[PDB]
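# Chains, contacts and geometry: an overview
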Amino acid sequence: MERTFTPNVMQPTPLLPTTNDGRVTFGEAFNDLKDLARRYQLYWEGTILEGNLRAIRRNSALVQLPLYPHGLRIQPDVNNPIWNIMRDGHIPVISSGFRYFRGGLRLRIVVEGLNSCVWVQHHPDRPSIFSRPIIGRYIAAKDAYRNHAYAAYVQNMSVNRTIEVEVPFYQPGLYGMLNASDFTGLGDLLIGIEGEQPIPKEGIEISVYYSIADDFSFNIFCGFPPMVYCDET
Amino acid sequence: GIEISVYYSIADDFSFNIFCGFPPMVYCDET
Amino acid sequence: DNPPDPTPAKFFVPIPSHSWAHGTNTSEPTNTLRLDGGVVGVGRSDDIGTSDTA
Amino acid sequence: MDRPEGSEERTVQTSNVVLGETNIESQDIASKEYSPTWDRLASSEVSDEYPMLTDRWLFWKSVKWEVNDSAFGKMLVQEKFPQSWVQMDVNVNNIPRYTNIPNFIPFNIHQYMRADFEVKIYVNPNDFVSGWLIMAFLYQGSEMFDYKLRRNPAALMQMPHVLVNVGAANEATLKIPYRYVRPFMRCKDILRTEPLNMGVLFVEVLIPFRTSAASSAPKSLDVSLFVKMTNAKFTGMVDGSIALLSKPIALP
Amino acid sequence: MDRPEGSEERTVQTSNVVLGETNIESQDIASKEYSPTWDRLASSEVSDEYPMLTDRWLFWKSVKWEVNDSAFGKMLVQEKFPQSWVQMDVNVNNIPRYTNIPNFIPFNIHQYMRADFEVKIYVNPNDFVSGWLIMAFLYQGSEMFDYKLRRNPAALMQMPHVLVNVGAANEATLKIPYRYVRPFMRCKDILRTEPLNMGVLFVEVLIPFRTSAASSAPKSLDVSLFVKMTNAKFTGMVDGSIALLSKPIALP
Amino acid sequence: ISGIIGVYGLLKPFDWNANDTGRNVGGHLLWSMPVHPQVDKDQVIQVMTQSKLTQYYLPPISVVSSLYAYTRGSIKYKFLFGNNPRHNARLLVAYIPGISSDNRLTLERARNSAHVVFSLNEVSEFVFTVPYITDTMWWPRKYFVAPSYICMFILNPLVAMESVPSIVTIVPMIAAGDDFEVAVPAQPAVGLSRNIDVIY
Amino acid sequence: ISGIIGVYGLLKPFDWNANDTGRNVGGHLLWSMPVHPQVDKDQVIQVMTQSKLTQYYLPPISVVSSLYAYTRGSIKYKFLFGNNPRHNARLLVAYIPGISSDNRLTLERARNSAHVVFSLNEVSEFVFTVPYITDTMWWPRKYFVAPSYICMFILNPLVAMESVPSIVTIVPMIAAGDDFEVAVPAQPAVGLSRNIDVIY
């Protein structure tokens, strides 16, 4: 096989004795990228103001966020300097090397400001038109309010501030496509308020973090794209 | 306001019993 | 099936943290910063003796 | 050459084609080979197999590359595949047609297909020219959000590829198991996706082609490509004229 | 009719076609059925068989016959066969083409073929019309030195035939084992004989069609023909465009 | 689910006029529609109101399929002919995979796909279990395009006499096959008609 | 991990000019670089843009090693020569532990460390599995100094004729050895190039 082929090997010394992937000196074995990809990382972080929401703005969406196992497309503005100096996370970088996937994501949505009953809902097949989220008044007529019978979840920001949910993989096809260009992905995730708590005069600060589920798998290893060093920022 | 909202479901012992037809429906995408 | 679970709700007394005094002969619930999850410790050998603090 | 005829050539016969090869090949497999199982879940009609037609090897292109134009990573071949190979036969208007070539005759009467491919590349230089080519394949490469950064041969060295050394003048065989987002591909433009677009096949110029300064030496060299299908299964019999083909879109 | 739906219909399924028939057929075989053995002596290439394609039944024509024009022995169908059935699909210039119909797709890429045929004829009158049809087949009839004296239905009563009584409204099936002067037939006009000319299929009007004098009664009736191949073997793979088809010659 | 969706619902009926010399010929296509569990809005019986919503009568397979996001498997089409022993005809009912509309559809082409030839000679009902041929395992809901298409051509035209009615009415009906299955619960495509008022 | 990092990535190619009388001599060092999994920024193929970030093509070992904080084990360097049966040379490829740059590096010194002498006489590829010699068990990432250094000297200069091209291009390629291992997940040293805009 041409990728791993090694002709005429000239090796001066023996090979180095093994630590069982670090289990000898540390306690754990770092043998796999799928375990590194299950440590949570930031996904999208935004603010939402009154007045760029709906007119009536009782139980409505605040964000429809597209679920991609690679990241959303990043733009490194001056508001969140994360996306600027840290570039992408470890998950978009691991993901850019594989072609397909099959499996779900885990999310952690931390929506505060607001401190009322907030809700989340997964539309497994309404994909996949764009690489940004859509805020408030710009989400389309039929993604505006909650729907009936889509898998959803509800939480009082008074009891607890963090919603942690796991999105299933519901698709007709064999794979979902990593590195899509722009029914390929995991569909949409809608986040929204449950009935018109008055909004603080600055912001509802939402931030989504994500990871890989347990049954998730990266599937066909082609190359990595060209990278950019973070220390050059 | 006191904003109340009730959600509901079926219990475990609940059962639908005699299947006759469905009534005429209306498509939601026509709104 | 979705049978109901009517079992009574137990009491429980909230506290902000575990014991500040205890040093021995017990477990300590904690949030470790590891990739692994589990009772894990750093490796040793003879290059590194046991603790000499007796 | 020590015998009256030069030496013993080696023969690779499939169906009614026979391909001579004098050297040791350079092989690779684009992913793990398997036996399709969930494809039975997609179609209630029996999948038809045409082993005498499709297993046969087929000559695809000849691309010419010259000394004056060999950069590092000049693309000789950049094609949507199998789309370019199957739609290779065009009429006067550059509209493809599945009717002439006997390997492609079942693409005409069916709607969906599935199959594995093997691409084989041939370069016949003399002894005194030296160069090097890389032929790699990227599963559904055209749909990738950065498809035009992956064309550097530094990126191709990572995806499954073969190498053709022009000094040695070897063969090269790239097996491509069927992998896709759905258990079948479309054969024509239906239900308004391009037909039969499973990936992108590249041929780049890893080390530029060099010859001697003498005037009569060859300043050019040919590259030929043969392709064959393997587990080809067709489903969804329709009329040949019920759907149409439009001239293909090219890659940037 | 005694049930809520009229009665139990009977079903004859081959490949992905299913033909309903409510009555007792009328069958005959044009000669003794056999297994071909000397055909292996004619060609060193493997004969390809396409059972999913060719075994399938195919609708061929609808011919209309009227009360005002039914002589004794008026010919509804007089065709070189299988030539007319296989070349049934014509373009604007009346030049046939083997590309559209999935039964005929292998005639496009091969030179020679061999196969047995079964022609089945359907007439759906109401109860109160009465007539009678004869459909007979003459092996290589067109090449016969008196072919135009044998068209009288008195001559057809002797060659293998079926009868369709319009008062009863039955089906009819005529099996035709392959027999010819050579173990294969040509598929196109090559080596300058017409392609695929094995005989002549007739449909005559044995007893003229009669209806009642009432004004609203049907003065016409349709006849439909279905054909299928059986042991079809193709040999001699070539290009689809390497030979041409010219518009067919008609019989007197 | 399999017991609810096994029941036939009824679709818009339609006529042959055997005395019609134009539309009663070899090849004229009577009826056709894309094949998917939610029947197309124009072949359902509708009751329209001014300024209100239109009420559709959907077969039981079409209500169930509106409750789920994907669906697959065969469909049964039971055609029911109003006629008596004196009518006669033949029909070719073909199933074309991968076609949206009838633009390029004629009889001479339709005979190249899976089809059934039926003769209504003292037969009043027949079921045509259409295959399921699709590049994917589950096909998404429609209310999109449908995966396939179905169509019905006159093969031998309809006959009848001076003693018998000249119109034959056909009633199409649709139920799920034995292998039919639904997939992921979604926003129901249909609401109830109990209150049809709507605010645009 | 071992399967991803087993694949070779490609580094900047470079030339012998056999007709060059200056640089084609006994002892002249062709190519060299510090040995660590993240290849040095100047021997990678770069694509530079005005006001944007520079895009590096990193081998698969160099992407994986950017995801972790420490790393250890042998590296494979497969050198790939564009030549034909008529060229000939010998090279000495030495591995110097504990050196940063080539300041004090000559051929007469490099022959005192682990090295391999290779003769390109009808041989087009060879792999040099460099040892791993370091006072510590894990070596930290670089993007620091590298633990060792590697270098390649002409031993017997390149020959060729009037009938054969005078330039021989060399393509260096790098993959992880059999014992290679990574350590502690860290801030990835590299981001994706999907969006290369940067705010200074």
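In case you missed it, the structure is sitting above this.
Overview of the structure.

### Some words on the overall build of chain D
Across its full length, chain D carries four helices and 14 strands. For chain D, the proportion of its 252 residues judged to be buried stands at 63%. In chain D, 26 positive and 28 negative side-chain charges are present, and the distance between their average locations comes to 6 Å.

### A short note on the environment of A:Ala151
Residues and elements named next belong to chain A. Structurally, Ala-151 can be placed in the loop between β7 (134-135) and β8 (152-156). Along the backbone, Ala-151 and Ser-116 are 35 residues apart, and their C-alpha atoms lie at a distance of 20 Å. Setting aside anything within four residues of it in sequence, one finds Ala-151 in contact with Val-120, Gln-121 and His-122.

### Quick word on the layout of surface pockets
In this structure, the second largest pocket encloses a volume near 810 Å³. What lines the second largest pocket is a set of 30 residues, among which D:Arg97, D:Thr99, D:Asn100, E:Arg97 and E:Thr99 lie closest to the centre. Residue composition of the lining of the second largest pocket, grouped by class: twelve nonpolar, twelve polar and six charged.

### Focus: the interface of chain D and chain E
Between chain D and chain E, the contact holds 20 residues from the first and 20 residues from the second. In total, chain D and chain E occlude about 1,600 Å² of area from one another, counting both sides; carbon and sulfur atoms represent 63% of this. Connecting chain D to chain E are zero salt bridges. Where chain D packs against chain E, one counts eight residue pairs in polar contact. Counting residues per element, the ones that place at least two in the side of chain D that touches chain E are α1 (51-54) and α3 (105-109) of chain D. In terms of residue count, α3(D) provides more of the side of chain D that touches chain E than any other element does, three residues in total. In terms of residue class, the side of chain D that touches chain E is built from ten nonpolar, six polar and four charged.

### Overview of the relation of the copies chain D and chain E
Screw-axis analysis of chain D against chain E gives a translation of 0.0 Å along the axis, an RMSD of 0.0 Å, and a rotation angle of 180 degrees. Such a combination of rotation and displacement between the chain copies is what one expects of a two-fold axis. Relative to the rotation axis, the closest C-alpha in chain D is found at D:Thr99, a distance of 3.1 Å. A shared interface surface links the copies, since 100% of the contact residues of chain D are contact residues in chain E too.

### Regarding the sheet that holds strand β9 (residues 114-119) of chain G
Residue and element names in this part refer to chain G. Taken in spatial order, the four strands make up an open sheet running β3-β12-β8-β9, and their pairing is antiparallel. Looking at which strands have only one partner, the edges of the open sheet turn out to be β3 (29-35) and β9. Neighbouring strand axes in the sheet, compared pairwise and without regard to direction, differ in orientation by 15 degrees on average. Summarising the sheet, strand β8 (residues 88-97) and strand β12 (residues 148-159) pair through nine bridges and their orientation is antiparallel. Bridging across to β12, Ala-94 finds its partner in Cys-151.

### Structural notes on the pairing of strand β12 (residues 197-210) of chain D
Residue and element names in this part refer to chain D. For β12, a buried count of 14 out of 14 residues is recorded, marking the element as mostly surrounded by other parts of the structure. Pairing of strand β5 (residues 77-82) with β12 involves six bridges; the strand directions are antiparallel. Bridging from a neighbouring strand, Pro-82 pairs with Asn-197 of β12. Of the pairings in the sheet, the one linking strand β8 (residues 130-139) to β12 comprises eight bridges and is antiparallel in character. Across the sheet, residue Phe-137 finds its bridge partner in β12, namely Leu-201.

### Regarding the pairing of strand β13 (residues 220-229) of chain E
Residues and elements named next belong to chain E. Counting buried positions along β13 yields nine of ten residues, so the element is predominantly enclosed. Bridging between strand β4 (residues 58-66) and β13 involves eight bridges; their strand directions are antiparallel. When the bridges of β13 are listed, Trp-65 appears paired with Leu-221. Bridging between strand β7 (residues 117-123) and β13 involves seven bridges; their strand directions are antiparallel. From the neighbouring strand, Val-119 faces β13, where its bridge partner is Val-227.

### Notes on the interface of chain G and chain A
Bring the parts together and some accessible area is lost; that lost area is often taken as the interface size. Taken together, the contacts link 61 residues of chain G with 62 residues of chain A. When the two sides are added together, the surface that chain G and chain A hide from each other amounts to roughly 5,400 Å², 62% of it contributed by carbon and sulfur. For the chain G face of the interface with chain A, the top three residues by lost area are G:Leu192, G:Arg194 and G:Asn195, together amounting to 14%. Counting across the chain G and chain A interface gives two salt bridges. For the side of chain G that touches chain A, the element with the highest residue contribution is strand β10 (residues 125-130) of chain G, accounting for five residues. Residues of the side of chain G that touches chain A, tallied by class, amount to 40 nonpolar, eleven polar and ten charged. As paired strands, strand β13 (residues 227-229) of chain A and strand β15 (residues 190-192) of chain G are joined by three bridges and run antiparallel to one another. Bridge pairing in β15(G) links A:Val228 to G:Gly191.

### A word on empty space enclosed by the protein
Estimates place the volume of the largest cavity at around 160 Å³. Looking at the largest cavity, it is lined by 19 residues, and the ones nearest its centre are G:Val35, G:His36, G:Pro37, G:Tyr132 and G:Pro147. Only β6 (70-72) and β11 (139-140) of chain G provide two or more residues apiece to the lining of the largest cavity. By residue class, the composition of the lining of the largest cavity is eleven nonpolar, five polar and three charged. Size it by volume and the second largest cavity reaches roughly 120 Å³. Forming the boundary of the second largest cavity are 17 residues, of which F:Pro37, F:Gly73, F:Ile75, F:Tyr132 and F:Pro147 lie nearest the centre. Broken down by class, the residue content of the lining of the second largest cavity amounts to eleven nonpolar, five polar and one charged.

### What about the nonpolar core?
Ranked by size, the top nonpolar core spans 115 residues in total, and within it D:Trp85, D:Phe107, D:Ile176, E:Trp85 and E:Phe107 carry the most contacts. Contact partners of D:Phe107, with chain neighbours within four places excluded, come to D:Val86, D:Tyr98, D:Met113, D:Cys187, D:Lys188, D:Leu196, D:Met229 and D:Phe234. Formed by 96 residues, the second largest nonpolar core is a distinct cluster that contains A:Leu53, A:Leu107, A:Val208 and G:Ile4.

### Let's talk about the packing of aromatic side chains
Following the criterion strictly, the structure yields 61 aromatic pairs over all chains and no others. With a centroid separation of 5.4 Å and an interplanar angle of 35 degrees, the aromatic rings of A:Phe98 and A:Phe218 are classed as tilted. The residues A:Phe98 and A:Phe218 share a single accessibility class, namely buried. Centroid distance D:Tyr147 to D:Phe202: 6.1 Å. Interplanar angle 20 degrees. Geometry classified as stacked. The same class applies to D:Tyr147 as to D:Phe202, namely buried. When the ring centre of E:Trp57 is taken as origin, the NZ or CZ atom of E:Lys228, which lies over that ring, is 5.5 Å away.

Reading the values: rules and limits
- Residues numbered from 1 in each chain as written, not as in the entry; some residues may be left out.
- Chains lettered and ligands numbered in written order.
- Part of a larger assembly, values for the part shown.
- Heavy atoms only, no water.
- Residues with missing side-chain atoms left out of burial classes, pairs and counts.
- Helix = DSSP H or I, 4+ residues; strand = E, 2+ residues; numbered from the N terminus.
- Buried < 20%, exposed > 50% of the residue type's maximum accessible area, 1.4 Å probe, protein only.
- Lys, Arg positive; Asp, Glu negative; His and termini not counted.
- Charge placed at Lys NZ, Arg CZ, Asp CG, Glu CD.
- Contact = heavy atoms within 4.5 Å.
- 1 Å grid on protein atoms, 1.4 Å probe; cavity = no way out; pocket = protein on both sides within 12 Å on 5 of 7 lines; lining within 4 Å.
- Points joined across faces, edges and corners; volume = space filled by probe spheres on them.
- Nonpolar A, V, L, I, M, F, W, Y, C, P; charged D, E, K, R; others polar.
- Buried area = accessible area lost by both parts, 1.4 Å probe.
- Salt bridge = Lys/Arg side-chain N within 4 Å of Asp/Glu carboxyl O.
- Polar contact = N/O pair within 3.5 Å; in protein donor to acceptor, adjacent residues only side chain to side chain.
- Least-squares fit on C-alpha atoms.
- Pairing = 2+ DSSP bridges.
- Axes fitted to C-alpha atoms, helices over the stretch in contact; angles between N-to-C directions.
- Core = buried A, V, L, I, M, F, W, Y, C linked by side-chain atoms within 4.5 Å.
- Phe/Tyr/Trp six-rings, centres within 6.5 Å; stacked < 30°, edge-to-face > 60°.
- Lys NZ or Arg CZ within 6 Å of the ring centre and 35° of its normal.

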